[PDB]
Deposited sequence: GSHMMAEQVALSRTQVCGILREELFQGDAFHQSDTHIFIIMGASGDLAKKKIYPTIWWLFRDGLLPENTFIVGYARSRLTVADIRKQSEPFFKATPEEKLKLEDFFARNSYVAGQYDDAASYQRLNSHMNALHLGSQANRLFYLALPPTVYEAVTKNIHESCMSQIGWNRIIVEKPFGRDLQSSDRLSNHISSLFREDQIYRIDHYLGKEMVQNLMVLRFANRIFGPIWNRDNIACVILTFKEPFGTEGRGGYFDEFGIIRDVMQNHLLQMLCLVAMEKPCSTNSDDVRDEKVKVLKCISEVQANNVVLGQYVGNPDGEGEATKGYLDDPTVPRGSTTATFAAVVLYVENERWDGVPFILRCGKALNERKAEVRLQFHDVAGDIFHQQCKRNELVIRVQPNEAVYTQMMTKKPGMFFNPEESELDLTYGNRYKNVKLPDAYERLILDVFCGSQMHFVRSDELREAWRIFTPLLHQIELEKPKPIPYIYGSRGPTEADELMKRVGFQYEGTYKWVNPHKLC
């Protein structure tokens, strides 16, 4: 029953503005397990007072909650420590053992540090802090490398120290309906699976659009680009949920095993199935929509970093083969959308004596077929690791195959630095995206 929630880097913005508040909300709605201590670790010489002061801004505290807020802060504590230094972890372990049932408690470690220090911490948590009786679960944060080779080093490290069932790689930086995406597509597989195949579907597009640009933090993004930001992780996860086979059960590792069989059968995307974009500002429109990506302090000058990407993948296997899977995601477009389109073959020529137009299944609140021509993301991902559900967290093999697919392309965008086709903030994207789609059988 008893749980300890340890935030490493409890001083930083992620802990301050996101982690502390989102476990506040979770405890404030009786969603946390009854007996749950929150514990902060960092270098800074802080107390429970310092950490209410800096972090209650983002809590959205009211007059009626004044009693609960104090019951939450009764169960918090802090511990000074270098991330480099063993005795620091030794002090932390003993702190937790002293707490009520602290010797028997399950332990949930949130790594809210940069991945440069990840090696040191995994090795020290592993050496000194693991429960002898409870479960031990590490929440590791993006980025999980920037390429196959770098992701393979950081990962092979964590996975020599931690079983796969103690590793939770979290992704939440693409909005609060981001888990919802993964649940309806998984549901739409259970309903429509028998129809989702090459004998019924001529084309699939997975669209993920953000209407807003990189709004000042383009200094963190210019290191990564859109393929690493959205495509390699989220779109690919939603591709898998569409192309996978009804799983052997409803257990995390049976569906994860099925998302990987897809990924294994996707070969390395080459550059002439790729259309990259970059958002140049809008003269003709109000708000931050006047600011091109380039025109931002944090973005280096003449940086040829992709803001938009359209890609053609193929899932070379008996179920799908020659069925083009189109991935289309971008910043600073005309709307906020996550849609999958499954365009059928022209199957009604005889019935209606005329040439009838093409049919198509669309998912975005039951969704539809046409004819062309409270728990919110972060909240739900926290509970999932308290509940031991790894459904929505990427696996080791899953993550390697992900990078295997895009890594040759990405190294070519570093070496040869091509120029992203510019496109107006608010527009649908480069029009060479629409052409690529037509040439591969989109309507």
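Student: Can you list the gaps, in order, where the deposited sequence has no modelled residues?
Tutor: Those stretches are 1 to 33, 398 to 401, 411 to 436, 507 to 520, listed in order.
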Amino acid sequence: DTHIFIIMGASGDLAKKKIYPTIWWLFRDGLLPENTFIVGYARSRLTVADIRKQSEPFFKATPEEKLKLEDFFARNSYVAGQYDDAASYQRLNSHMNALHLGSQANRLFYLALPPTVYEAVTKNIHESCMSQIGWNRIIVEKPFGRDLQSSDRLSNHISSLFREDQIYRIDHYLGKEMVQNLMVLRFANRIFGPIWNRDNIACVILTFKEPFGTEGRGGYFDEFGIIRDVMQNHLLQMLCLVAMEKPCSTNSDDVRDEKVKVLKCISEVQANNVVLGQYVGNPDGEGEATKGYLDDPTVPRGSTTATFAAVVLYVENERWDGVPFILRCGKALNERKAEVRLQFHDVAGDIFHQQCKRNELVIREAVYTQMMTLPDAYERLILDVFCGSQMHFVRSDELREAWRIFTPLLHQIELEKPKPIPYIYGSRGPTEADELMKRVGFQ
From here on, numbers count along this sequence of modelled residues.
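Student: Would you mind comparing 414 to 422 and 395 to 403 for me and telling me which has the higher average C-alpha temperature factor in the entry?
Tutor: 414 to 422 has the higher mean C-alpha B-factor.
Student: If you take the mean CA temperature factor per stretch, which one wins between 235 to 243 and 139 to 147?
Tutor: Taking the mean C-alpha B-factor of 139 to 147 and of 235 to 243, the larger value falls to 139 to 147.
Student: Reading the B-factor column of the entry, which of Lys264, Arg341, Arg328, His353 has the highest value at its C-alpha atom?
Tutor: Answer, based on the entry's C-alpha B-factors: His353.
Student: Go through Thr207, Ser159, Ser303, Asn359 one by one and give the residue whose Cα B-factor in the PDB entry is largest.
Tutor: The record points to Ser303.
Student: Could you place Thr36 in the lowest, middle or highest third of its chain by Cα temperature factor, using the values in the record?
Tutor: Its C-alpha B-factor belongs to the middle third of this chain's values.
Student: Ordered by C-alpha B-factor within the chain, which third holds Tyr314? Give me lowest, middle or highest, please.
Tutor: Answer is lowest: the recorded C-alpha B-factor places it there.
Student: If you rank the chain by CA B-factor, which third does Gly388 end up in: lowest, middle or highest?
Tutor: According to the entry, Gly388 has a C-alpha B-factor in the chain's lowest third.
Student: Rank-wise, by C-alpha B-factor, drop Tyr89 into the lowest, middle or highest third of its chain.
Tutor: Middle third, going by the recorded CA B-factors of the chain.
Student: Quick one: classify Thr307 as lowest, middle or highest third of the chain based on its Cα B-factor.
Tutor: Middle third by C-alpha B-factor.
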